[PDB]
């Protein structure tokens, strides 16, 4: 309600992770930035590491799946919608290893889609939406660019359901 600004709703999400998702706390998953259009989550490599000293694939998935879940949550908060949110599917392709800090980047779906989606939830009390996230290794990327090839691609579907 009084939480509509990117800083104000980021604080809500940070709190949600810290209150409810012990795994996000083990992984050191934090919000790096949110400006209303792009969410970036980051996590240190060390707890997310494997035997080859690169990022465990499940941690790359968790960062991506929480980036897109995070983006849905931030949208529901900006819209002051009370609901349960669930992932209904998540798909990852691992193209190259990640061997530093994990940074998962999710862009908001367009306003029309978001409007349709919130419209559907109003009418039926259920609504679904698909999102994508990317993780890069070589570049300090601020956006999922058409140019740059990602190290990992994620696409997921998320649903919001009436209380």
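Positions refer to the first chain, counted from 1.
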| property | result |
| --- | --- |
| Entry-level comparison of average CA B-factors, 91 to 99 and 46 to 54, reporting the higher stretch | 46 to 54 |
| Stretch with the greater mean C-alpha B-factor as recorded in the entry, comparing 103 to 111 against 116 to 124 | 116 to 124 |
| Residue 3 CA temperature factor, ranked by third within the chain | highest |
| Residue 25 CA temperature factor, ranked by third within the chain | lowest |
| Ranked C-alpha temperature factor of residue 10 among modelled chain residues, by third | lowest |
| Residue 38 - Cα temperature factor, lowest/middle/highest third of chain | middle |
| Third of chain Cα B-factors occupied by residue 148 | highest |
